[PDB]
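K.L.:
pasting the first chains of the complex, positions unchanged:
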Amino acid sequence: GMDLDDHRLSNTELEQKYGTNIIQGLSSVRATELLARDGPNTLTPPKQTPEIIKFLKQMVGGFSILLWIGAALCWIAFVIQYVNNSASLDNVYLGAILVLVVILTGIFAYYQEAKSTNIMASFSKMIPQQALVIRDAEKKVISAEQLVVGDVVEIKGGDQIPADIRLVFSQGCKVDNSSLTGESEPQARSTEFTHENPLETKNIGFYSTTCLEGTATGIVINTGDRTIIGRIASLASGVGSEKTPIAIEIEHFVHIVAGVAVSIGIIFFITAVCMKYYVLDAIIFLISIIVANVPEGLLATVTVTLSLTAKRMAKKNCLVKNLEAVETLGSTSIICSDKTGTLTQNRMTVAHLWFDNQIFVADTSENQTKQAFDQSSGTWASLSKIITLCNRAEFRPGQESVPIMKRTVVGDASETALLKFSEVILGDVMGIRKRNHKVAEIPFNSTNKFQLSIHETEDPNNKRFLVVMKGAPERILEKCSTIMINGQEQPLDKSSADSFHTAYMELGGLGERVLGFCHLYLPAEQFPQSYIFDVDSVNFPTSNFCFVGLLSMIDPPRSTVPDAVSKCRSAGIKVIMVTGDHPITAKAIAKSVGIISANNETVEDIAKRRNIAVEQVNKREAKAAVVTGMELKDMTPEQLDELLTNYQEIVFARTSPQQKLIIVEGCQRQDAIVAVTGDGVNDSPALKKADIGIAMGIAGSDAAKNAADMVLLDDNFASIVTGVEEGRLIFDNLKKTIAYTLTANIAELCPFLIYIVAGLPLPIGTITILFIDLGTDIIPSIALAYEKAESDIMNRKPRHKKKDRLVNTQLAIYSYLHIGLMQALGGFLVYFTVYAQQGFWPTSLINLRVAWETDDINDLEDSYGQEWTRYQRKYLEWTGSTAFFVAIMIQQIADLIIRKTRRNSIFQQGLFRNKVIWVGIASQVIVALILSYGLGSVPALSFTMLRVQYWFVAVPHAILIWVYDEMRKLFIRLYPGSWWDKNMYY
C-alpha cells in the first residue's frame, strides 16, 4: 500500500504522528482497534488455482479442440447411419479413440506444465512467533501476528525482528540483512539518521531479519505485506504468469498446423458440396481431413523427450523442477547472475598477504589443503605465529571427518578466515595455541580497532614473553616504529612507510578487507616470568611494536566459475552481474571471474588513468559499466535500454530486490531470453520473472529453490554450460521430430483428396492412419531425440526468439510439399498394384466408388468381365488399405533415416551409432506385422493379410526419398549461400 519510510523523524514527531509513547507503548483498547483496522502482522498467501481446473484446461490445449470436433462429427455420422440402418460401429470406434488421444495428451501436458507452488512456506524459518512488545507501561510477551503500527517493541541479540521498526534506543545492535542484500555481514544499528535510502539508514530494523547481538527498542512502522519482505514475497508470488519460449514455439507450430487443417477442410468441403455429395460423405471426409492433418502423438512424444533429458540432467546433480526448463538454457541471450553464494563461495578467505615488501598470493579453493608462497624464508614463521596466537576463533568439536575448509567455526569473518588459513598451512593450530598460555587480557573493541594479546613462548631455552597486536593497517602503522625484513628488525623509515601505503592501496584496489599484524618481544629484565598483567593496560606497553605483514580477505569466486563464465560468453551469451554488495567488491569479483575482461575499462577507470574528470571523457571508449543502485534508481527505462545495448560487460552493484527485477525486465524487453542465477531470498522475484531461474543447492535459500525452475544440487556452473548445450541440442532434435511427423501427416492426407476428386475406392481407411500416428511413428520420433550434434553447438550464437522459430516455413513446406507427396506416390503405386492383380485396372477405378460401395450390387464387373460381390469388393478394399499402410511404413523408415540429419550425411553421421533409431525401425516393422498377420488374420479394423510381394513394392520409392534428401544436403554443403542453402535448407 504505502511505500515510504519515516526515519528522518526523531522520537517526538514520530510519537505525534503514530500516536504512541515510548515508555507506555499503547493501550490494549487502542492496540486491538488498530489491529482490526489494519490487520495481523502476517504474510498473505497467494491465490492458488485448483489443480482440477489446471488439469481440465489441458483438454482444449494444442490440437484437442480439433479432435473434439472430430469426435462430435463421428457421433453425428453414427446417428445418421443408425437412422438409415446402415451402421457399422466404425465411427464409434473412431470417436472413442479420438477421445482417448485427447485424454492422454492432456495428461502428458498437465505433467509437462510448471507447477504453481506458494512461496509463503519458504519464509517459515523467518517470521518469528513471539514479540516483546510493551503495552500500558508493562512489557508483555505477545505473539508477532498481534502487532500493529505504533507499538513499542524491544529486540534482543539472537532473535528475529517482529516487524519493520524504527530504532529509538539501541545498545550495540547488530543485524543480519541477508534477506534484503544477500550479504550476511553483520550491520551496525543505531538511532541516527545516516543515509537517505531507507534500506541503508542504520536506524530501521526490518521484519523477518535476525538481530545478531545487542539490545534495541523501536516503533513498528510497517505490518504484514507492507514490510520490505512483504513486497519481496508479493513480487515473488504474483509475478510470473508467462509462457516458456518452447511453449510459445509449440503454440506457433500448433497454429500453423491448425490453419492448414481448417483451410483444407473448408476448401475441400466446398468442393465436396459442389460435386453433388450428400451430408454423410461430406462429414466423413471432413473427419478424415481432421484425423490426417492433426499429429495425434507428437505432443506426448515431446513431453517424453523433455522428461528423458530432464532425468539425464538430474543424473548430473541438476534438478529440473519444471520440465520445460530443460530447453530454456540454450536460446538464452543474457545471464543475470548474483555474486555472493552464486559466483562466490560465500566464504570469507585470505587471498593476498604482503610481507618482506613482497605480495604473495594464496589459493582460495574450497578443497585446498596446502599452499606454497615461498614459506621457507624468514619473516613468515613470525607472521604465522602472530596469526595463531592473536586469533580467538575456535572449531566446534567432533569434526575430524569433515575437511578443514567445510568445518563450522565460531567467530567473525576475519577470525575464521585466519583460523582456516593457519589450520591449512601450519597443520594442527589448536596445540600451538594451547602451548603459549595467553594472559586473560585480550582487548578488542569496535572503537579501539586493534586485537591485543600477550603470550609467553614455550621454547625450552627462551621462555620469553611475546606480545601480538593486530588490527586496521593505519592503526597498526601509527602504533609501530620498525619493520621486519628477512628476520632483521630494521626500523621503519619514510620509504618503508611509503611502500606500506602503496601496498595497502594495491590491496584495497582489489575489494579486499586488509588487516595489519605486528609483535614485540618484551624484555625479561623489565618483565620477568613472575609478573601478573592487568586488563586496564596499566602495566604493558601499547606502542613501539614491530610490523610484519598485511593479509587481505576476498570472499573468493568458486573454482569452476571462471571457466564456465568464459564458456558461456563464448557461446554468445551476455553475462550481467547483478548483486547487492558494494561496488568495489562487485567490480573485483567481476574482473576475477571474467565478467569484465582484463582489456576492457570503465569510464571511472579511464578518467582516473588520464588524470581527467569523468564528465570530460566521452563514454564510447569504456567497454565496461559499473552501475550502482543510486545511479540506476534515477534512470528512465530509455536510459536503461541504452545502457544494456551499448555496454557488453555490465555490473549492477548495491541493488535492492526490486531493482534486480527491474534489470531483468529491462533485459527481456530487448527481445531476449534471460536466465537468472541466485541463491538468496532477494533473488526470488528475479528468479521467478526470468525465463529460467537457476538456484544453488548447498548455498541456496528455501525461497530461491522454490522460486527457481532448476536447482544445482552441487553448486557447479558447469551444469549451466551443459544445460545450454543440452537445450540447443533439444531444439534441433525437436525440429527433426516435427518434420518426421508432418511428413506422415501429408502422406495420410493425400489419399482422401484423391478419393474425393478422382472417385477411386478408398485407398486407406481413417482408422488405419491412427495406427500410423500412435503406432509405428511413436518410437522413431523419440529416437530422433537421441541424435548427436551435426556441428559445434557452442560456437553458434543464441537464436533470436522471434526470427528463429522451431517450426518455420521451410520445415513445413519441405515436409508437406516434398516428402509427404513422395510417400503418397509410393502408397498409390502399391494400391494400384494390389487392385490390378485381382482384376481392376487403374483406369477402371476412376469414378467407381459410388458403385463400389453400393451394397445393392453383387455382380459388379471388373476389367476381365468377372463379377464381384460387395463383400469381396470391401475385402479387396481392406487389402489395398493395408498395402497403403505398409507402404507408408516403409517410406517412413526411409524418412527416419533421412531426418537423422539436417545438413550432414549418414556416411558422416553414422548409420548404426544411434541404436534407438534401429529399435524404432524394428518397432515399425513389428507393429505392421502384428497389424497385418495378427489383427487382420481375422478381418477387423480394415486390416488383412498381405501377399509377401506387397511389402516391397514401395521400397524403391523409399530409396528415392533417401537419394533426394542426400542430394539436397550435399548441395547445401557444397555451396553455402547459393540460393540453395536459402531455399532448400530447413
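P.N.:
Cool, got the structure. Residues are numbered from 1 along each chain as shown, chains lettered A, B, ... in the order given.

K.L.:
For the rest of this, base every contact and every neighbour count on C-alpha atoms.
P.N.:
Will do.

K.L.:
Find the nearest non-adjacent residue to residue A:857, please.
P.N.:
residue A:870 (6.6 Å; C-alpha to C-alpha, 6 or more residues apart in numbering).

K.L.:
Run through the residues that contact the one you found.
P.N.:
Listed by C-alpha atoms under 8 Å, 6 or more residues apart in numbering, the contact set of residue A:870 reads A:852-858.

K.L.:
Distance-wise, check it relative to residue A:901.
P.N.:
Noted for residue A:870: a distance of 47 Å to residue A:901, by C-alpha to C-alpha, to the nearest Å.

K.L.:
Same question for residue A:828.
P.N.:
28 Å.

K.L.:
And for residue A:868?
P.N.:
For residue A:868, the distance to residue A:901 - C-alpha to C-alpha - is 49 Å.

K.L.:
between those two, which one's more packed in?
P.N.:
residue A:901 (23 against 16; other C-alpha atoms under 10 Å).

K.L.:
Next, that one: secondary structure please.
P.N.:
coil (DSSP: H, G, I helix; E, B strand; the rest coil).

K.L.:
Phi first, then psi, for it.
P.N.:
Backbone torsions of residue A:901, given as degrees, to the nearest 10, read phi -130, psi 160.

K.L.:
how far away is it from residue A:894?
P.N.:
12 Å.

K.L.:
Specify the residue positioned farthest from the middle of chain A.
P.N.:
In terms of distance from the mean C-alpha position of chain A, residue A:865 ranks first, at 72.6 Å (C-alpha atoms, centre = their mean).

K.L.:
where does that one fall, helix, sheet strand or coil?
P.N.:
Residue A:865, by the three-state scheme (three-state DSSP), is coil.

K.L.:
Could you identify the longest helix within chain A?
P.N.:
When chain A is scanned for its longest helix (criterion: DSSP state H), the result is helix A:718-758.

K.L.:
centre of the chain versus that helix, how much separation?
P.N.:
Distance of helix A:718-758 from its chain centroid, counting by C-alpha atoms, centre = their mean, to the nearest Å, is 26 Å.

K.L.:
pretty sure residue A:842 is touching residue A:832, no?
P.N.:
Yes - the pair residue A:842 / residue A:832 is scored as a contact, 6.1 Å apart, by C-alpha atoms under 8 Å.

K.L.:
Looking at these two, which has the bigger crowd around it?
P.N.:
The neighbour count for residue A:842 versus residue A:832, taken as other C-alpha under 10 Å, is higher for residue A:832 (19 against 14).

K.L.:
Contact partners for the more buried one?
P.N.:
Residue A:832 neighbours (C-alpha under 8 Å, 6+ apart): A:841-842.

K.L.:
What separation is there between it and residue A:881?
P.N.:
Following C-alpha to C-alpha, the distance that separates residue A:832 from residue A:881 is 11 Å.

K.L.:
how about residue A:291, what does it touch?
P.N.:
A:67, A:70, A:766, A:769-770.

K.L.:
Inside helices: which ones of these?
P.N.:
A:67, A:70, A:766, A:769-770.

K.L.:
Restrict the residues you listed to the buried ones and give me that as a PyMOL selection.
P.N.:
This is the PyMOL syntax for the buried subset of the ones in helices among the contacts of residue A:291, where burial follows 16 or more other C-alpha atoms under 10 Å:
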select buried, chain A and resi 67+70+766+769+770
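
K.L.:
from the ones in helices among the contacts of residue A:291, which single one is nearest residue A:388?
P.N.:
Nearest to residue A:388 out of the ones in helices among the contacts of residue A:291 is residue A:67 (C-alpha to C-alpha; 76.5 Å).

K.L.:
put chain B on too:
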Amino acid sequence: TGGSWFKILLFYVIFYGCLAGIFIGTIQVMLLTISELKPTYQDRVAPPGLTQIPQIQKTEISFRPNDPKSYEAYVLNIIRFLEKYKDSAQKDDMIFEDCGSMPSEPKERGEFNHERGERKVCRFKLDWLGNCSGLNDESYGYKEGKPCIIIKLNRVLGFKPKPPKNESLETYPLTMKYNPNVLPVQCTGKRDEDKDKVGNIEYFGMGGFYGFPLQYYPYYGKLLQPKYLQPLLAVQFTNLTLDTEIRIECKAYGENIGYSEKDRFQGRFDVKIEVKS
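P.N.:
Adding chain B to what we have so far:
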C-alpha cells in the same frame, strides 16, 4: 525478387514433373506384369457369387398385384437384363453356335491366348425359361401372385463348376439330376416358419433340368468372348401366402462351390418376398 520467384517456380515445376514421370514409369513397369487375358490372382472372385436379376434394394421384393406401379420397376429390370437374350440378338452364326439342347461337358476352347482370337459362345434361348421368358406373358408372373426371379452365377474367368458327387444325399432328391453335367440350385425357406409359407416352387432351366448346364463353362473373359451369355435358371413361386413376408434362400451345390458366413451372396441368396392382397 523476380529472379528468385522465377527460379523457385521453375524448381517446383521440374520437381513435380520428375515425380509424375517416375510415378507413371513405375505404374507402366507394374502393368507390364499383368495380362489382358486372365487375372494374376483369383483370391476373391474364385468362389462365384449367386445373384438374381430384378436387382432389388434391401433383399426385398414387395409389390401389390393390383397396382402395376408396384411391380413396374422389377419388370423393367427383368426386361433390361433379358434384352440381350432375345432370339433376334443371338441371330448371327459367326459369333453364336447352336450348342446342344441337353446338358453336356464343359467346352474347352483352348487355353488363354490371343491365338484363335474371338472365341465362340453357346446361345441361350428364352424358351427354356417357360412362364418367365416374357415371350407369352410380358409381365412374367407379377400381375398374378406368381413372383419370378432369375438366378445367375457370377462370371469367373476360366471357372469350371464341378457338380456334387454321390457321396451323400445333399437335400431332398430332385429325382431328375443328370449330376455329371448340371450344377444344382435349390431354393427353400430360411426358417421353418418360411418353409410352411414358401409353397410350390417351379424351376425353369435348359433341358428341363434344375440348374446350370456345364457347356457354358468356362468363361473366357470379355475379350476372347464378348457377348457371352451365362446360363439362367428362372424360379417362380406360384402359391405363397399373401400379406406375409417370406424369407427365401437359394443355394448352389458342388465341390468347387463354397460358402462364407461373412459374405451372404457367395453361392447363396437371402431374398425376402411379400405379396400384398
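
K.L.:
Chain B added, so what about the contacts of residue A:832 now?
P.N.:
Neighbouring residues of residue A:832 by C-alpha atoms under 8 Å, 6 or more residues apart in numbering or on different chains: A:841-842, B:27.

K.L.:
And for residue A:898?
P.N.:
A:906, A:962, A:965-966.

K.L.:
try it again with 7 Å
P.N.:
A:962, A:965 (C-alpha atoms under 7 Å, 6 or more residues apart in numbering or on different chains).

K.L.:
One more: residue A:73?
P.N.:
A:283, A:287.

K.L.:
could I get the helix or strand hosting it in CSV with only the CA atoms?
P.N.:
Assessed by DSSP states H and E, residue A:73 sits inside helix A:64-83. Extracted C-alpha coordinates of helix A:64-83, given in CSV (Å, rounded to 0.1, in the frame of the first residue of the first chain):
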residue,chain,number,x,y,z
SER,A,64,-7.6,-31.2,-28.7
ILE,A,65,-10.3,-28.8,-30.0
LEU,A,66,-10.0,-30.3,-33.5
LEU,A,67,-10.1,-33.8,-32.1
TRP,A,68,-13.2,-33.0,-30.0
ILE,A,69,-14.8,-31.7,-33.2
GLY,A,70,-13.8,-34.9,-35.0
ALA,A,71,-15.4,-37.0,-32.2
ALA,A,72,-18.6,-34.9,-32.4
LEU,A,73,-18.7,-35.5,-36.2
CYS,A,74,-18.1,-39.2,-35.7
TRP,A,75,-21.1,-39.3,-33.3
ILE,A,76,-23.3,-37.3,-35.7
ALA,A,77,-22.3,-39.6,-38.6
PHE,A,78,-23.0,-42.7,-36.5
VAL,A,79,-26.5,-41.5,-35.6
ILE,A,80,-27.2,-40.6,-39.3
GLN,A,81,-26.1,-44.1,-40.3
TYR,A,82,-28.2,-45.6,-37.4
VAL,A,83,-31.3,-43.9,-38.6
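
K.L.:
buried ones in that helix?
P.N.:
A:64, A:66-68, A:70-78, A:81 (16 or more other C-alpha atoms under 10 Å in any protein chain shown).

K.L.:
Could you do stretch A:182-190 as well?
P.N.:
Applying 16+ other C-alpha under 10 Å to stretch A:182-190 flags A:182-183, A:186, A:188-190 as buried.

K.L.:
swap in stretch B:89-109?
P.N.:
So, applying 16+ other C-alpha under 10 Å, buried residues of stretch B:89-109: B:90, B:95-96, B:103-104, B:106.

K.L.:
In chain B, spot the helix with the most residues.
P.N.:
Max-length helix for chain B by DSSP H is helix B:2-31.

K.L.:
So which elements touch that one?
P.N.:
Helix B:2-31 is packed against helix A:820-836, with contacts defined by 3 or more C-alpha pairs under 7 Å, 6 or more residues apart in numbering or on different chains; DSSP states H and E.

K.L.:
Can you identify the element that follows the helix it packs on toward the C-terminus?
P.N.:
Helix A:820-836 is succeeded, C-terminally, by helix A:849-852 (DSSP H and E).

K.L.:
Show me the contact partners of that next one.
P.N.:
Under C-alpha under 7 Å, 6+ apart, the answer for helix A:849-852 is A:759-761.

K.L.:
What is the nearest of those to residue A:402?
P.N.:
Within the set of the contacts of helix A:849-852, residue A:761 lies nearest residue A:402; the separation is 78.7 Å, counting by C-alpha to C-alpha.

K.L.:
helix, strand or coil for that closest one?
P.N.:
coil.

K.L.:
How many residues are close by the nearest residue to it once chain neighbours are set aside?
P.N.:
Leaving aside its sequence neighbours, residue A:761 sits nearest to residue A:849 (C-alpha to C-alpha, 6 or more residues apart in numbering or on different chains; 4.7 Å). If you count neighbours by other C-alpha atoms under 10 Å in any protein chain shown, residue A:849 ends up with 16.
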